[PDB]
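Student: Next comes query.txt, compact mmCIF, C-alpha atoms and all ligand atoms:
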# COMPACT_ATOMS: atom_id res chain seq x y z
CA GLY A 161 94.98 99.49 78.88
CA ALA A 162 96.68 99.82 82.25
CA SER A 163 99.44 102.29 81.28
CA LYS A 164 97.82 105.46 82.62
CA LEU A 165 96.42 103.84 85.77
CA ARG A 166 99.87 102.47 86.64
CA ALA A 167 101.39 105.93 86.40
CA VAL A 168 98.68 107.38 88.63
CA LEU A 169 99.32 104.60 91.13
CA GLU A 170 103.06 105.22 90.91
CA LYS A 171 102.62 108.97 91.51
CA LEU A 172 100.36 108.25 94.50
CA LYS A 173 102.93 105.79 95.89
CA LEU A 174 105.79 108.29 95.78
CA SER A 175 103.91 110.86 97.90
CA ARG A 176 102.90 108.14 100.37
CA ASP A 177 106.50 106.91 100.79
CA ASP A 178 108.21 110.31 100.53
CA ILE A 179 110.18 111.16 103.68
CA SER A 180 107.91 113.50 105.71
CA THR A 181 108.00 115.28 109.08
CA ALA A 182 104.22 115.06 109.36
CA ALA A 183 103.93 111.65 111.05
CA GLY A 184 106.50 112.74 113.63
CA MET A 185 104.63 115.86 114.69
CA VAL A 186 101.35 113.91 114.87
CA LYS A 187 102.89 111.32 117.20
CA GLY A 188 104.13 113.92 119.69
CA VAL A 189 100.74 115.61 119.82
CA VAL A 190 98.79 112.37 120.21
CA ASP A 191 101.06 111.01 122.95
CA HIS A 192 100.64 114.21 124.95
CA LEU A 193 96.86 114.04 124.58
CA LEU A 194 96.78 110.39 125.67
CA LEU A 195 98.82 110.96 128.82
CA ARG A 196 96.62 113.90 129.81
CA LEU A 197 93.37 112.08 129.03
CA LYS A 198 94.52 108.99 130.98
CA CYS A 199 94.83 110.81 134.29
CA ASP A 200 91.26 112.10 133.98
CA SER A 201 88.22 110.51 135.58
CA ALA A 202 86.09 109.64 132.53
CA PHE A 203 88.97 108.92 130.11
CA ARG A 204 91.16 106.72 132.33
CA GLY A 205 91.20 103.78 129.90
CA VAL A 206 91.53 105.71 126.65
CA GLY A 207 94.01 104.33 124.16
CA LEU A 208 94.96 104.25 120.51
CA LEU A 209 93.14 101.73 118.34
CA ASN A 210 96.46 100.63 116.81
CA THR A 211 99.96 101.41 117.99
CA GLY A 212 101.84 102.85 115.06
CA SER A 213 98.55 104.07 113.53
CA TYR A 214 99.24 107.77 114.01
CA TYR A 215 99.47 107.69 110.17
CA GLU A 216 96.00 106.63 109.03
CA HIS A 217 95.05 108.47 105.80
CA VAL A 218 91.40 108.56 104.85
CA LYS A 219 92.37 110.91 102.00
CA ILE A 220 94.78 109.01 99.75
CA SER A 221 95.75 112.17 97.83
CA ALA A 222 96.25 114.40 100.92
CA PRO A 223 99.29 113.13 102.86
CA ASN A 224 99.15 115.93 105.47
CA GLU A 225 95.69 114.81 106.56
CA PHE A 226 95.77 112.14 109.27
CA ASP A 227 92.82 110.42 110.92
CA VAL A 228 93.41 108.88 114.37
CA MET A 229 91.04 106.95 116.60
CA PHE A 230 91.10 106.91 120.41
CA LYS A 231 89.35 103.85 121.82
CA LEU A 232 87.80 103.35 125.24
CA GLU A 233 86.56 100.06 126.66
CA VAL A 234 82.98 99.92 127.94
CA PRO A 235 82.38 96.70 129.88
CA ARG A 236 78.85 95.27 129.97
CA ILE A 237 77.28 97.57 127.40
CA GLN A 238 73.53 97.48 126.81
CA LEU A 239 72.77 98.52 123.21
CA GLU A 240 69.32 99.69 122.07
CA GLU A 241 68.66 100.04 118.33
CA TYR A 242 67.22 103.45 117.45
CA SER A 243 64.03 103.71 115.39
CA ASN A 244 64.58 100.48 113.43
CA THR A 245 67.61 102.01 111.76
CA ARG A 246 69.55 98.72 112.10
CA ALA A 247 72.77 100.78 112.31
CA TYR A 248 72.30 103.48 114.97
CA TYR A 249 72.12 102.64 118.69
CA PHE A 250 71.54 104.12 122.10
CA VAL A 251 74.14 103.05 124.69
CA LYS A 252 73.01 102.10 128.21
CA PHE A 253 74.62 100.11 131.05
CA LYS A 258 76.89 101.08 138.49
CA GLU A 259 79.50 103.77 139.19
CA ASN A 260 81.30 103.11 135.93
CA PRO A 261 83.79 105.77 134.79
CA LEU A 262 81.35 107.04 132.14
CA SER A 263 78.47 107.63 134.56
CA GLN A 264 79.11 111.40 134.56
CA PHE A 265 77.65 111.56 131.02
CA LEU A 266 74.42 109.62 131.63
CA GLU A 267 70.97 111.02 130.74
CA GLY A 268 68.69 108.68 132.66
CA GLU A 269 69.85 105.32 131.39
CA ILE A 270 71.30 106.55 128.07
CA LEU A 271 74.94 107.47 127.36
CA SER A 272 75.12 111.02 125.96
CA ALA A 273 77.52 111.47 123.05
CA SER A 274 77.51 115.27 122.88
CA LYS A 275 78.30 115.50 126.60
CA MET A 276 81.21 113.08 126.24
CA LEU A 277 82.53 114.98 123.21
CA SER A 278 82.03 118.21 125.15
CA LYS A 279 84.51 117.17 127.86
CA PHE A 280 86.78 115.30 125.42
CA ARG A 281 87.10 118.47 123.34
CA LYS A 282 87.55 120.62 126.46
CA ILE A 283 90.23 118.31 127.93
CA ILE A 284 92.12 118.24 124.61
CA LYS A 285 91.49 121.94 123.96
CA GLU A 286 93.03 122.50 127.41
CA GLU A 287 96.14 120.37 126.76
CA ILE A 288 96.55 121.90 123.27
CA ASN A 289 97.72 125.28 124.58
CA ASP A 290 99.81 123.47 127.22
CA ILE A 291 101.78 122.06 124.24
CA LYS A 292 105.15 123.84 124.11
CA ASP A 293 106.34 121.79 121.09
CA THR A 294 104.96 123.23 117.82
CA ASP A 295 102.00 125.07 116.22
CA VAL A 296 98.80 123.20 117.13
CA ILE A 297 95.35 124.70 116.55
CA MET A 298 91.97 123.06 117.03
CA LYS A 299 88.82 124.25 115.33
CA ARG A 300 85.13 123.78 116.02
CA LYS A 301 83.48 122.28 112.94
CA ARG A 302 79.91 121.10 112.52
CA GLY A 303 80.90 117.62 111.31
CA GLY A 304 81.34 116.61 114.94
CA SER A 305 82.45 113.07 113.99
CA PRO A 306 85.38 113.27 112.99
CA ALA A 307 84.99 115.08 116.30
CA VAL A 308 88.09 117.12 117.07
CA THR A 309 90.21 118.34 114.20
CA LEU A 310 93.69 119.63 115.02
CA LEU A 311 95.89 121.59 112.63
CA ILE A 312 99.64 121.20 113.06
CA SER A 313 101.67 124.01 111.48
CA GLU A 314 99.97 124.95 108.21
CA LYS A 315 99.66 121.78 106.16
CA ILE A 316 99.28 118.93 108.66
CA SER A 317 95.71 118.17 109.72
CA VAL A 318 94.68 115.52 112.27
CA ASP A 319 91.13 114.27 112.79
CA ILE A 320 90.63 112.59 116.16
CA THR A 321 87.68 110.26 116.68
CA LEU A 322 86.53 108.86 120.02
CA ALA A 323 85.20 105.29 120.00
CA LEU A 324 83.68 102.91 122.55
CA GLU A 325 85.10 99.38 122.48
CA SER A 326 83.15 96.21 123.18
CA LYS A 327 84.65 92.75 123.43
CA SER A 328 81.26 91.09 123.38
CA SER A 329 79.64 89.46 120.36
CA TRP A 330 78.79 91.79 117.46
CA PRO A 331 75.26 93.23 117.53
CA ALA A 332 72.55 91.25 115.82
CA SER A 333 72.16 93.52 112.79
CA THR A 334 75.59 92.25 111.60
CA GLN A 335 74.54 88.56 111.80
CA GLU A 336 74.20 88.22 108.03
CA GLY A 337 76.85 90.79 107.16
CA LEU A 338 80.50 90.27 106.24
CA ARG A 339 79.68 87.72 103.56
CA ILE A 340 83.26 86.64 102.95
CA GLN A 341 82.74 82.86 103.18
CA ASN A 342 83.23 82.15 99.47
CA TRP A 343 86.23 84.49 99.28
CA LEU A 344 88.15 84.57 102.61
CA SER A 345 86.44 81.40 104.03
CA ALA A 346 83.89 80.73 106.75
CA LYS A 347 86.69 80.19 109.25
CA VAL A 348 88.12 83.66 108.78
CA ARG A 349 84.66 85.16 109.13
CA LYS A 350 84.50 83.44 112.53
CA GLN A 351 87.92 84.73 113.62
CA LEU A 352 87.02 88.26 112.57
CA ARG A 353 83.63 88.21 114.27
CA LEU A 354 85.43 87.21 117.48
CA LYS A 355 87.20 90.55 117.43
CA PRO A 356 85.74 93.49 119.34
CA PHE A 357 83.46 96.09 117.81
CA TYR A 358 83.50 99.87 118.13
CA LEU A 359 80.95 102.67 118.42
CA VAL A 360 81.32 106.29 117.30
CA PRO A 361 78.78 109.10 117.59
CA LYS A 362 76.47 110.01 114.76
CA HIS A 363 77.11 113.30 112.94
CA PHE A 370 67.90 112.55 113.95
CA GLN A 371 67.69 112.16 117.69
CA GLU A 372 70.90 113.49 119.07
CA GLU A 373 72.50 110.77 121.18
CA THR A 374 72.93 107.80 118.81
CA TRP A 375 76.07 105.79 118.03
CA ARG A 376 76.94 103.67 114.99
CA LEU A 377 79.34 100.78 114.49
CA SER A 378 82.87 101.29 113.17
CA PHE A 379 84.67 98.44 111.38
CA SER A 380 87.78 100.27 110.17
CA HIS A 381 89.84 97.66 111.98
CA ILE A 382 88.12 94.82 110.13
CA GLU A 383 88.67 96.65 106.83
CA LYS A 384 92.39 97.00 107.60
CA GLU A 385 92.54 93.32 108.41
CA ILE A 386 90.85 92.14 105.22
CA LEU A 387 92.99 94.41 103.08
CA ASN A 388 96.22 93.16 104.64
CA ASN A 389 95.14 89.57 103.94
CA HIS A 390 92.85 89.86 100.96
CA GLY A 391 93.38 86.80 98.75
CA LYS A 392 91.45 83.61 98.38
CA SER A 393 94.97 82.16 98.20
CA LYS A 394 96.91 82.52 101.43
CA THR A 395 99.99 83.58 99.42
CA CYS A 396 98.25 86.37 97.49
CA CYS A 397 100.74 89.20 96.82
CA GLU A 398 103.68 87.43 98.55
CA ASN A 399 105.66 87.14 95.30
CA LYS A 400 105.09 88.53 91.87
CA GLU A 401 103.91 84.98 91.08
CA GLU A 402 100.38 85.64 92.31
CA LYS A 403 100.47 89.45 92.39
CA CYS A 404 96.94 90.91 92.33
CA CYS A 405 95.39 94.33 91.86
CA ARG A 406 92.66 94.48 94.55
CA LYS A 407 94.35 97.20 96.64
CA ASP A 408 95.21 99.19 93.50
CA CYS A 409 91.57 99.10 92.45
CA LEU A 410 90.47 100.39 95.86
CA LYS A 411 93.02 103.22 95.59
CA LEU A 412 91.75 104.29 92.18
CA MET A 413 88.14 104.18 93.40
CA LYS A 414 89.10 106.37 96.35
CA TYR A 415 91.20 108.74 94.24
CA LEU A 416 88.41 109.02 91.67
CA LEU A 417 85.84 110.16 94.24
CA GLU A 418 88.31 112.49 96.02
CA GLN A 419 89.28 114.26 92.77
CA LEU A 420 85.60 114.56 91.86
CA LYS A 421 84.70 115.94 95.30
CA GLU A 422 87.58 118.38 94.89
CA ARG A 423 86.57 119.33 91.35
CA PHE A 424 82.96 120.04 92.32
CA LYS A 425 83.46 121.42 95.84
CA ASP A 426 81.76 124.69 94.78
CA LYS A 427 78.49 123.04 93.81
CA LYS A 428 77.06 121.05 96.73
CA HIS A 429 76.05 117.71 95.21
CA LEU A 430 78.87 115.37 96.29
CA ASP A 431 79.06 116.32 99.97
CA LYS A 432 77.21 113.27 101.29
CA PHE A 433 79.60 110.83 99.59
CA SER A 434 82.78 109.54 101.24
CA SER A 435 85.45 106.87 100.82
CA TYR A 436 83.15 104.74 102.97
CA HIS A 437 80.73 104.44 100.03
CA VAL A 438 83.62 103.45 97.79
CA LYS A 439 85.16 100.90 100.17
CA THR A 440 81.73 99.36 100.70
CA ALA A 441 81.04 98.90 96.98
CA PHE A 442 84.58 97.62 96.50
CA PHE A 443 84.13 94.85 99.05
CA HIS A 444 80.90 93.77 97.38
CA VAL A 445 82.83 93.36 94.15
CA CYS A 446 85.45 91.26 96.01
CA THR A 447 82.61 89.01 97.19
CA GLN A 448 81.30 88.92 93.61
CA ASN A 449 84.74 88.03 92.24
CA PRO A 450 86.34 85.84 94.91
CA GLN A 451 89.11 84.21 92.83
CA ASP A 452 92.57 85.78 92.73
CA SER A 453 92.67 84.99 88.99
CA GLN A 454 89.86 87.57 88.68
CA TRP A 455 92.24 90.18 90.07
CA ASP A 456 95.33 89.58 87.99
CA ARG A 457 97.57 92.63 87.83
CA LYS A 458 97.77 92.27 84.04
CA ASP A 459 94.04 93.10 84.09
CA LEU A 460 94.24 96.26 86.21
CA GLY A 461 92.24 98.21 83.62
CA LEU A 462 89.42 95.68 83.35
CA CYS A 463 89.26 95.06 87.10
CA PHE A 464 89.01 98.77 87.81
CA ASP A 465 86.21 98.89 85.23
CA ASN A 466 84.29 96.15 87.09
CA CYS A 467 84.41 98.32 90.23
CA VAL A 468 83.49 101.52 88.42
CA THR A 469 80.66 99.69 86.65
CA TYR A 470 79.29 98.10 89.84
CA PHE A 471 79.49 101.39 91.75
CA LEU A 472 77.54 103.17 89.01
CA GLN A 473 74.96 100.40 89.15
CA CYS A 474 74.54 101.11 92.86
CA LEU A 475 73.97 104.83 92.24
CA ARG A 476 71.36 104.26 89.54
CA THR A 477 69.36 101.69 91.51
CA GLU A 478 69.91 103.64 94.76
CA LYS A 479 71.12 100.45 96.51
CA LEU A 480 74.44 99.95 98.27
CA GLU A 481 73.99 97.65 101.23
CA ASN A 482 76.33 98.15 104.14
CA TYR A 483 78.97 95.44 103.99
CA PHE A 484 78.51 94.58 107.68
CA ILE A 485 74.80 95.33 108.09
CA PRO A 486 72.87 93.84 105.13
CA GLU A 487 69.63 95.80 105.60
CA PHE A 488 71.16 99.29 105.87
CA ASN A 489 71.10 100.99 102.46
CA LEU A 490 73.76 103.71 102.15
CA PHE A 491 72.07 104.98 98.98
CA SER A 492 68.49 105.14 100.26
CA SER A 493 67.01 108.41 99.04
CA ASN A 494 66.39 109.36 102.67
CA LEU A 495 70.16 109.35 103.14
CA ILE A 496 71.31 110.74 99.77
CA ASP A 497 68.66 112.05 97.40
CA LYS A 498 68.06 111.19 93.76
CA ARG A 499 69.61 114.36 92.32
CA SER A 500 72.92 113.74 94.09
CA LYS A 501 73.24 110.14 92.94
CA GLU A 502 72.16 111.11 89.41
CA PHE A 503 74.87 113.82 89.51
CA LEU A 504 77.65 111.50 90.63
CA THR A 505 76.50 108.90 88.08
CA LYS A 506 76.87 111.28 85.16
CA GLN A 507 80.22 112.65 86.37
CA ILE A 508 81.74 109.15 86.54
CA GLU A 509 80.15 108.02 83.26
CA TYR A 510 81.96 111.03 81.75
CA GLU A 511 85.32 110.26 83.37
CA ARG A 512 85.04 106.64 82.23
CA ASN A 513 83.90 107.44 78.67
CA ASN A 514 87.05 109.59 78.32
CA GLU A 515 89.67 107.40 80.08
CA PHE A 516 89.47 109.40 83.35
CA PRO A 517 91.02 112.85 82.70
CA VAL A 518 90.82 113.58 86.45
CA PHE A 519 93.93 111.39 86.82
CA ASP A 520 96.39 113.03 84.40
CA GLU A 521 95.66 116.25 86.32
CA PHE A 522 96.67 116.52 89.97
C1 LIG A 601 81.84 107.69 106.95
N1 LIG A 601 80.62 107.10 107.47
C2 LIG A 601 80.43 105.84 107.88
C3 LIG A 601 79.12 105.73 108.30
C4 LIG A 601 78.38 104.57 108.84
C5 LIG A 601 77.05 104.69 109.20
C6 LIG A 601 76.36 103.61 109.71
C7 LIG A 601 76.99 102.39 109.87
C8 LIG A 601 78.33 102.24 109.52
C9 LIG A 601 79.00 100.90 109.71
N2 LIG A 601 80.38 100.85 109.26
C10 LIG A 601 80.71 100.31 108.08
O1 LIG A 601 79.87 99.84 107.33
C11 LIG A 601 82.16 100.34 107.69
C12 LIG A 601 82.53 99.78 106.47
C13 LIG A 601 83.86 99.79 106.09
BR1 LIG A 601 84.35 99.01 104.42
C14 LIG A 601 84.84 100.32 106.89
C15 LIG A 601 84.48 100.87 108.11
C16 LIG A 601 83.16 100.88 108.52
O2 LIG A 601 82.86 101.43 109.72
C17 LIG A 601 79.02 103.34 109.01
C18 LIG A 601 78.61 107.02 108.09
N3 LIG A 601 79.49 107.85 107.59
ZN ZN A 602 96.66 90.12 96.39
Would you mind giving the structure from this file in structure tokens?
Tutor:
Amino acid sequence: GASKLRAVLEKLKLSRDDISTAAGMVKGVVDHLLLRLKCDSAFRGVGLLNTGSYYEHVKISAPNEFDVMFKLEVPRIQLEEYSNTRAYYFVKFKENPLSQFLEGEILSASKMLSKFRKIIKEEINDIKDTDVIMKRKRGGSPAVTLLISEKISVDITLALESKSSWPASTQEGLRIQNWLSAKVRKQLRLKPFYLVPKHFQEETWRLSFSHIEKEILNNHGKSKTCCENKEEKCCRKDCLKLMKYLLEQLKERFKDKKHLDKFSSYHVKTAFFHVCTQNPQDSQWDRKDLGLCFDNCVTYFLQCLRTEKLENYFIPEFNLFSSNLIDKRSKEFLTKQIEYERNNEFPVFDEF
């Protein structure tokens, strides 16, 4: 019962891997921004999260949409959790580079994005290469969106980097011990964490774990040799892709109505990792069973909607589906749309 899903996955692979000029234009724009931000007072230590990560695609069906993160190290941060939210923080700290954005003791996000935008917006017109336009949008995080020629779109996010221990709200998160092992959990928690602005009180930051995500997905098996042959070839990644593509196509289909705007691939990745924890054996992700495995994910995700519970994978107490974050009517609307796709072997896939 995998025939149609395979074809979808094959189609999606061929537009990933198709020779494109997009990545090359993105790199020239980002490198110019970085060299101009580096010789500025507040952004001296700015750098790319990964080198060779100019081509990060949040939208797995939109290959001209890139999402790039610019990191910045903040030594000796003092975090203060906002209003018991477990996940949103004030940043405090004595003539650090970021002192020009203080508000008493508290790091201002909107001020830092103000100058970040203005610095970039200044270097954008200084670009003599190609057609680069930026655009003020109310999202605000993804902060600065650039458009390169017509099709290519780049979202640039600014993150603070901390090489200290992860904040306490994550202590019981990342419950990978029965799947990736307790020792990998240690190694991962020894990596730095990142803060991005919220998009409430205005100057809060939340944690970003996109780098931990990338790391799990590139080494995702209980078996160390998972996906290194076709001997133990598994379908975890393919299931994540179909979850992502399912929500994207639904968001696209119902973009006129307003009900799916609060959902993102972040809700889908989060539910997916919970199912990995629930099903830690590679045998439970055999590629022969692509159709069943996908169904597990779809089923679990729909359970989350109906109960209004989807705990953050890194922060156990933070409920992404709390009605204060996404109300009952929206979750009930997504629920019924997916139940319909599923009960009809997903017609949103045979259409592009
Ligand atoms: C798009 N969007 C995200 C948040 C958000 C809010 C509050 C706290 C967090 C913590 N991050 C994660 O759970 C996370 C999980 C995975 Br899988 C990969 C990366 C991640 O950053 C995120 C809000 N909108
Ligand atoms: Zn695998």
Student: Find the residues around residue 189 of chain A up to 10 Å (all atoms listed in the file counted), leave out those fewer than 3 positions away in its own chain, and share them as a count of residues only.
Tutor: 16
Student: One decimal, in Å: what's the spacing between atom CA of residue 234 of chain A and atom CA of residue 331 of chain A?
Tutor: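 Computing the Euclidean distance for atom CA of residue 234 of chain A and atom CA of residue 331 of chain A yields 14.6 Å.
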Student: Nearest to ligand ZN 602 (chain A) among A:446, A:396, A:438, A:276, with distances taken over all atoms listed in the file: which residue is it?
Tutor: A:396
Student: Find the distance between atom CA of residue 233 of chain A and atom CA of residue 206 of chain A and write it in Å to one decimal.
Tutor: 7.5 Å
Student: Using all atoms listed in the file, can you list as an MDAnalysis selection string the residues within 12 Å of (71.4, 85.8, 108.0)?
Tutor: chainID A and resid 332:339 484:487
Student: Tell me which of A:439, A:300, A:349, A:400 sits closest to residue 384 of chain A, counting only C-alpha atoms.
Tutor: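 Checking each of A:439, A:300, A:349, A:400 against residue 384 of chain A, counting only C-alpha atoms, the winner is A:439.
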Student: Between atom CA of residue 348 of chain A and atom CA of residue 385 of chain A, measure the distance and give it in Å to one decimal.
Tutor: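 Separation between atom CA of residue 348 of chain A and atom CA of residue 385 of chain A: 10.6 Å.
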Student: Which residue is closest to ligand LIG 601 (chain A)? Choose from A:375, A:343, A:249, A:436 and count only C-alpha atoms and all ligand atoms.
Tutor: A:436
Student: Looking at all atoms listed in the file, which of A:230, A:262, A:224, A:434 is the one that sits closest to residue 314 of chain A?
Tutor: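 Nearest to residue 314 of chain A: A:224.
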Student: Ranking A:251, A:190, A:320, A:495 by minimum distance to residue 280 of chain A and counting all atoms listed in the file, which one comes first?
Tutor: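 Of all the options, A:320 lies closest to residue 280 of chain A.
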Student: Pick out the residues no farther than 9 Å from ligand ZN 602 (chain A), counting only C-alpha atoms and all ligand atoms, and list them as a list in words.
Tutor: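 Taking only C-alpha atoms and all ligand atoms into account, the residues around ligand ZN 602 (chain A) at most 9 Å away are residues 387, 388, 389, 390, 391, 392, 393, 395, 396, 397, 398, 402, 403, 404, 405, 406, 407, 452, 455, 456 and 457 of chain A.
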Student: Kindly add N, CA and C atoms to the incomplete segment 382-404 of chain A and provide the output as a short mmCIF file (atom, residue, chain, number, x, y, z; two decimals), keeping the file's coordinate frame.
Tutor:
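Saved result, selection.cif, follows:
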data_model
loop_
_atom_site.label_atom_id
_atom_site.label_comp_id
_atom_site.auth_asym_id
_atom_site.auth_seq_id
_atom_site.Cartn_x
_atom_site.Cartn_y
_atom_site.Cartn_z
N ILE A 382 88.36 96.03 110.92
CA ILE A 382 88.12 94.82 110.13
C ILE A 382 88.54 95.04 108.69
N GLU A 383 88.17 96.20 108.13
CA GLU A 383 88.67 96.65 106.83
C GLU A 383 90.18 96.49 106.72
N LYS A 384 90.93 97.10 107.63
CA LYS A 384 92.39 97.00 107.60
C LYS A 384 92.84 95.55 107.55
N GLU A 385 92.13 94.69 108.27
CA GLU A 385 92.54 93.32 108.41
C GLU A 385 92.29 92.54 107.13
N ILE A 386 91.13 92.76 106.51
CA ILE A 386 90.85 92.14 105.22
C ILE A 386 91.86 92.60 104.18
N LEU A 387 92.14 93.90 104.14
CA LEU A 387 92.99 94.41 103.08
C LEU A 387 94.43 93.94 103.24
N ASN A 388 94.87 93.69 104.47
CA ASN A 388 96.22 93.16 104.64
C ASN A 388 96.30 91.65 104.48
N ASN A 389 95.18 91.00 104.18
CA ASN A 389 95.14 89.57 103.94
C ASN A 389 93.92 89.28 103.09
N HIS A 390 94.00 89.61 101.81
CA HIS A 390 92.85 89.86 100.96
C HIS A 390 92.62 88.78 99.91
N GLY A 391 93.48 87.77 99.83
CA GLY A 391 93.38 86.80 98.75
C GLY A 391 92.53 85.60 99.12
N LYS A 392 91.95 84.95 98.11
CA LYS A 392 91.45 83.61 98.38
C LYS A 392 92.63 82.69 98.66
N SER A 393 93.73 82.88 97.94
CA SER A 393 94.97 82.16 98.20
C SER A 393 95.73 82.81 99.34
N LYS A 394 96.19 81.99 100.28
CA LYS A 394 96.91 82.52 101.43
C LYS A 394 98.18 83.25 101.02
N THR A 395 98.74 82.95 99.85
CA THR A 395 99.99 83.58 99.42
C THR A 395 99.75 84.76 98.48
N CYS A 396 98.53 85.27 98.41
CA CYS A 396 98.25 86.37 97.49
C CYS A 396 99.15 87.56 97.82
N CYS A 397 99.83 88.05 96.79
CA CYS A 397 100.74 89.20 96.82
C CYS A 397 102.01 88.97 97.63
N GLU A 398 102.43 87.71 97.85
CA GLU A 398 103.68 87.43 98.55
C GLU A 398 104.86 87.18 97.62
N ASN A 399 104.61 87.11 96.32
CA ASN A 399 105.66 87.14 95.30
C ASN A 399 105.32 88.23 94.29
N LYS A 400 105.78 88.04 93.05
CA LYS A 400 105.09 88.53 91.87
C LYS A 400 104.51 87.37 91.08
N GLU A 401 104.54 86.16 91.66
CA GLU A 401 103.91 84.98 91.08
C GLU A 401 102.39 85.11 91.05
N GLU A 402 101.81 85.42 92.20
CA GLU A 402 100.38 85.64 92.31
C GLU A 402 100.15 87.06 92.82
N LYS A 403 100.60 88.04 92.04
CA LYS A 403 100.47 89.45 92.39
C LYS A 403 99.15 89.99 91.82
N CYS A 404 98.32 90.57 92.68
CA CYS A 404 96.94 90.91 92.33
C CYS A 404 96.72 92.40 92.48
#
